[PDB]
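A single chain, nothing else alongside it, follows as structure tokens in the form deposited in one PDB entry.
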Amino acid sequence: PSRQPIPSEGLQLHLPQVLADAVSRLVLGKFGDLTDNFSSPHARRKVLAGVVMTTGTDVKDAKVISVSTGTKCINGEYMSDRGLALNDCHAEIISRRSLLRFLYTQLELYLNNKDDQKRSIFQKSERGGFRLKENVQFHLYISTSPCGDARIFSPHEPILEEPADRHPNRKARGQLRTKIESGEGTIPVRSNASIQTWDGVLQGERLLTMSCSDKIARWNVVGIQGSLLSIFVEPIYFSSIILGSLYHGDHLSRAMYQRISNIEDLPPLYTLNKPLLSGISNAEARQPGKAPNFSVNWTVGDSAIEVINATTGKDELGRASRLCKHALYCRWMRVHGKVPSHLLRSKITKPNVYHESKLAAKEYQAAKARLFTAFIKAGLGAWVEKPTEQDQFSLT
């Protein structure tokens, strides 16, 4: 009973185990193609993640959208005030950023010519802005349970026998947790007071990054498109979360949504999303050797993968990633001009510095507050953000 798939909604559109095994095969497969059958230099991974899109029930109408690896976060000294760094390179966190490029691309594809609109996954929304066509779903694959609430208790395979949580009501369950710089495990936020500072970090204060478990729970409320893309499009959710290993149904479902079911007063179109949760039929084996300092990423359409030094947030020659704040902002800005102002979901105008533009997404920003509040009232801690200095930059 512990390691069994957890169905999603009220009308069931795919077979659970078939999908899980499908997306694990597809992503792990496409990761093979990118690495000349795992023989490549940067093919050594510790954790693998990816996003799969589906257009319909035919499980060969599936497309691998993104593939990524990584287990590390940026060093404190290497934070970039020009937004050129990858602050978090845990596999699944990167696949979401990889997904963002594909969404921007799809927006670009729509506003190119009327003949190309039919090829784009987006369409106009009666409410203003853009929405997905009625049959598009996205699915998250992680080769292992996400760090934090889904993985911290029992980081090892269940021994089945439905070895449910013998102590499900400890204060420590459902707690928000942060990756800590220069230390292992993931730690509660309560016991580590909040509000980070730029200079505080530069001095030696350990950089705190939210756990992947908490980040996805977040994706299950404000959606995966994030603030900037939410100005163009309506909130998008993962339909499924598939784990290639370390699956504990009870733990993952708490961490992914159950713990914030107290959330109220979400803005229109926003909701607490409860995706399909599942392990795969043949769980992945634990990967050999020391864990690599680099984090790989790819998005469908790309000619090559990108290899990032997780320590620094840049590549080997010190170049900014295609996934960093500064690039994503550039894509956003380029599309913002190609989109007519009667077609925006939010018409509030702000200067063109990063933090300020994110603030134009009032509803998304609102949803976030409902989310932070949910965790707090549940006694699960206050969310921890990067120093406010991190997002104060323009496009040169």
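Between two forms, the rigid core is the largest collection of C-alphas that superpose within 1.5 Å. Only residues modelled in both forms are compared. One rule holds for the numbers: they count along the sequence shown, beginning at 1.
The form deposited in another entry is left out here; the points below concern that form.
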Of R190, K124, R319, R82, only one moves its C-alpha by 2 angstroms or more between this form and the one not shown once the rigid core is aligned, so tell me which.
-> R190
Taking the rigid core as the superposition reference, indicate whether the CA of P288 shifts 2 angstroms or more between this form and the one not shown.
-> yes
Cα displacement of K338 between this form and the one not shown reaching 2 Å, rigid core superposed = no
Is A369 among the residues whose Cα moves by 2 Å or more between this form and the one not shown after superposition of the rigid core?
-> no
Versus the form shown, are the CA atoms of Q196 and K350 closer or farther apart in the other entry, given a shift of 3 angstroms or more?
-> farther
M333 and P351, C-alpha gap in the other entry relative to this structure (3 Å or more) | closer
Regions of at least 3 residues displaced between this form and the one not shown by 2 angstroms or more (CA, core superposed) | 9 to 12, 182 to 185, 190 to 193, 285 to 288, 348 to 351
